[PDB]
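Shown here is one chain on its own, the form deposited in one PDB entry, set out as structure tokens.
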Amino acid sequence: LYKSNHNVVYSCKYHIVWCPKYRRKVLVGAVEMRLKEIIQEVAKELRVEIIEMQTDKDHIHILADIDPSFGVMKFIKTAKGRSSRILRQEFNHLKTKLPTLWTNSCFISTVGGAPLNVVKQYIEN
């Protein structure tokens, strides 16, 4: 349930959602497939656990467990920036029709780190 780095015991899960620039419906077909693949690789390299990843034509939603000392924002900027650069190189229509693949924004909402019965042991007695 809980993982630890050298100094912290944690379980930090977040729903993360972001969309393409201008809300263009470009997360389809081959682009959707490659995007997921790039996110999985970024996560693997960043010691981030992807619990769920869903895409629709105009947004991607990820539920991930991320070390708090690392920072959810660090994972997000790498996932977004790397996917943008790679996808725009691989799918020219993404590079020629848009100034960037993503926007400067995202949505983030924490999720319970573990069921109540488990967390209780650590926060109450």
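Residues that one form lacks are left out of the comparison. Heads up: residue numbers just count along the shown sequence, starting at 1. Heads up, when I say rigid core I mean the largest set of C-alphas that superpose within 1.5 Å between the two forms.
Omitted from view is the form deposited in another entry, to which the following refers.
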Given a superposition on the rigid core, I'd like a yes or no on whether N117 shifts its C-alpha by 2 Å or more between this form and the one not shown. yes
Cα separation of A114 and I39 in that other deposited form versus here, shift of 3 Å or more: farther
Can you confirm the direction of the Cα distance change for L116 and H15 in that other deposited form, closer or farther than in this form, given it is 3 Å or more? closer
Do any runs of 3 or more residues shift their CA by 2 Å or more between this form and the one not shown on a core fit, and if so, which ones, in sequence order? 113 to 125
